[PDB]
Each structure stands twice: as C-alpha cells, then as structure tokens.
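Taking the form deposited without its partner chain, here's one chain by itself in structure tokens.
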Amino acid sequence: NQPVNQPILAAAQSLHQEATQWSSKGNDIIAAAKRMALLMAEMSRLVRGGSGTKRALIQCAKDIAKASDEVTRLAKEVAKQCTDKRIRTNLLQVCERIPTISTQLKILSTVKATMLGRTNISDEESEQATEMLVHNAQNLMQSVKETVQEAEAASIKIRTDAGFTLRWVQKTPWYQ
C-alpha cells in the first residue's frame, strides 16, 4: 500500500491502544489523544512521501501540536481539582514538557519537509534528520500516554461532578 516509517507508526499505535480503551464521551483528553495518535500514524506515511507531501507534513505537525495543547490545557484543569499533591505536581510537570516536545516536532517536521523529493541531500543528512524526528515523535507519544494515565489516576482524588469532571469508562475489557 503506502510506505511508512515503522517507529513513528509504532509510537502512534502505542498511544492509540491506551487511549482507545476509554470512551471519548465526556472525556476530551481521550478525544485529543486519539486525534494525536491518528495524526501521528498519518505522519509516518507522510515522512516517506515526495515533494508533493511537503505542505501535508508541516500541517500534520501543526495539527498534532494543536491537539497536544488541548491535552495540556485539560490536564492542567484536572491537576487544579486534584487533592493529591503527588498526582497534581506530576500532571503540572508533564504539561510543561509537552509544548517543548511539540515545538520541536514542528521544527523537525519542517527540516524533514525541506528534504522531501530532494536529490542534492546526502543519505547521512536525511537519516540524521529522520532519526531526530522519530525520537521526538516517540517522546511525544510517551508523554501524552503518561498524561492520559495520570489524569485517570487523578480522577480517584476528584469529587465526581456531572458535567464538571472527566469521565472514565472502559469501552473494552482491559484483557481484550
């Protein structure tokens, strides 16, 4: 079908597996994380494209960074209502890593996009730029996955408020 950068696809699938165990209904962290995983999977295809995929590669990074701001914004709200200082601090700590990682995703996607369909660039420049993009994508997927898990852990420490708190409902059994 279409060539894909396996480690980016694997990082995407890893976040999606974790996010899809929960319902998006009344959980915008879950919705944004699912959008991020789906967009990151598109990225693994685009990173392998020609000159025509240059705009799509940079727009994909921009979309991923926008979905990560929704994750960060909501996780800060979860933290603000959490009574456990350990969980509250962890959530606030990860919220400050995500914008840095996603800024770096935009810079490395632009770097890779300038290289698509070019003949003058060496395999070394290309490989080095691709490896940097790969690591950044893995770090981002990991940070959001951990943000999902900590936001769920924080829910136990929050007085459930219908229409006012995040909703955690398993869509499928954990062992499926």
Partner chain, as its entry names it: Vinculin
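Positions refer to the first chain, counted from 1.
Separately, the form deposited with its partner chain bound exists; it is not shown, and the next lines address it.
- Residue contact with its partner chain in the deposited complex: residue 83 places no heavy atom within 4.5 Å of it.
- Taking non-hydrogen atoms only, residue 73 never approaches its partner chain to within 4.5 angstroms in the deposited complex.
- Its partner chain in the deposited complex is approached by residue 115, whose closest heavy atom lies within 4.5 angstroms of it.
- Under a 4.5 angstroms non-hydrogen atom cutoff, its partner chain in the deposited complex lacks residue 28 among its neighbouring residues.
- Contact annotation for 77-103: residues with any non-hydrogen atom within 4.5 angstroms of its partner chain in the deposited complex are 97, 100, 103, listed in sequence order.
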